[PDB]
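Read the numbers this way: they start at 1 and go in the same order the structure lists the ligands and their atoms. We number each residue from 1, following the sequence as shown. Every heavy atom of this structure was used, including side-chain atoms; hydrogens, water molecules and symmetry mates were not.
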Amino acid sequence: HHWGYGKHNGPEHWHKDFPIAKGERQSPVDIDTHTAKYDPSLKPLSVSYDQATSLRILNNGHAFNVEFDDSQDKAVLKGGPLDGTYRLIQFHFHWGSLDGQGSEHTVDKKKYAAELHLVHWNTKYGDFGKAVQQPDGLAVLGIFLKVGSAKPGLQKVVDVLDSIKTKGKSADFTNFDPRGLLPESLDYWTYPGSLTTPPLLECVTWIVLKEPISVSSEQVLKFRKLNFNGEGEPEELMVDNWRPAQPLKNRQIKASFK
Ligand SMILES: COc1ccc(/C(C)=C/C(=O)O)cc1
Ligand SMILES: [Zn+2]
């Protein structure tokens, strides 16, 4: 597979190798704030990242992933719409060439500069690869980035990007605290959906925070200096690695807040 974000291999092409691209619960979607209903039955959301063990950062030719030790319950997401315990495995972002685009979810058709995805899997399925085969296998916590003041808790990430410019490069990335990437409020929207990259599997409970975090123009500019290409290949800047909104179909988006 040779998917990407360009004219010739981008999201309008994915369905030929990954037919589920045109399925019934694809992500991302537009969150219409006037149609999402408050759901009083939602339990509060529990983000327990105190014992998080980050290990490594990797440029995969599509984005960069910050990877965690998920061999025990060290950093978990519970509550909200979820049953049981979901282990943090990795986070990554999607971003734009310009500040007016980059996020995958939109809010009343508003696009943010970027979007952070913290990816967790349901420990009842034992490993990540088994979990992505289940309709409730993953919980992805999604956080909007807007350009403004600097996010101090992001700067360790920004500063390591020079060392993983090109596809296939990785760097040690221990002792990074993902709590530093969270906004103040845990108010969220939730809906059932999918992975937003191939293989596009329909295995995700999406939990999208309402409150964006602010990052600096200098921070996001450093994301835009990454490369999709490998070392010694023609330079293609890693920008616009977002999938656009997909049809909502027969789904309801629920709000945790009034
Ligand atoms: C089985 O291979 C996989 C590849 C990518 C992913 C993710 C986590 C994709 C995304 O962020 O949309 C999962 C499994
Ligand atoms: Zn993502």
TODO: For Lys124, check side chain to side chain donor-acceptor pair (under 3.5 Å) against everything at least two apart and list the hits.
DONE: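 For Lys124 there are no side chain to side chain donor-acceptor pair (under 3.5 Å) partners, ignoring immediate neighbours.
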### Task
List for me each residue that meets side chain to side chain donor-acceptor pair (under 3.5 Å) alongside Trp206, sequence neighbours excluded, and say none if there are none.
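Partners of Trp206 under the side chain to side chain donor-acceptor pair (under 3.5 Å) test: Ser27.
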Geometric cation-pi criterion, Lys110 with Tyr112: 6.0 Å, 45°:
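Judged by the rule, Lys110 and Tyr112 form a cation-pi pair.
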Going by an N to O cut-off under 4.0 Å, is there a salt bridge joining [X] and [Y]?
X	Y	answer
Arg87	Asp73	yes
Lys210	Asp187	yes
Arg243	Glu12	no

Filter the ligand 1-protein atom pairs down to N or O on both sides and distance under 3.5 Å, then list them.
{"residue": "ligand 1", "atom": "12 (O)", "partner": "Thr196", "partner atom": "N", "Å": "2.8"}
{"residue": "ligand 1", "atom": "12 (O)", "partner": "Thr197", "partner atom": "N", "Å": "3.0"}

Q. Taking the six-membered ring for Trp, are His105 and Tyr191 ring centroids under 6.0 Å apart?
A.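 Here the rings of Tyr191 and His105 have centres that are less than 6.0 Å from each other.
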- Message: Parallel, tilted or perpendicular: which one describes the rings of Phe18 and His1, with boundaries at 30° and 60°?
- Response: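 Plane angle between 30° and 60°, so tilted.
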In total, how many protein N/O/S atoms does one find closer than 2.8 Å to the Zn ion (ligand 2)?
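Considering protein N, O and S only, the Zn ion (ligand 2) has 3 within range.
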* Is the backbone of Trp14 close enough, under 3.5 Å, to the side chain of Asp17 for a donor and an acceptor to pair up by distance? ->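 Not confirmed, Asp17 side chain does not pair with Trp14 backbone.
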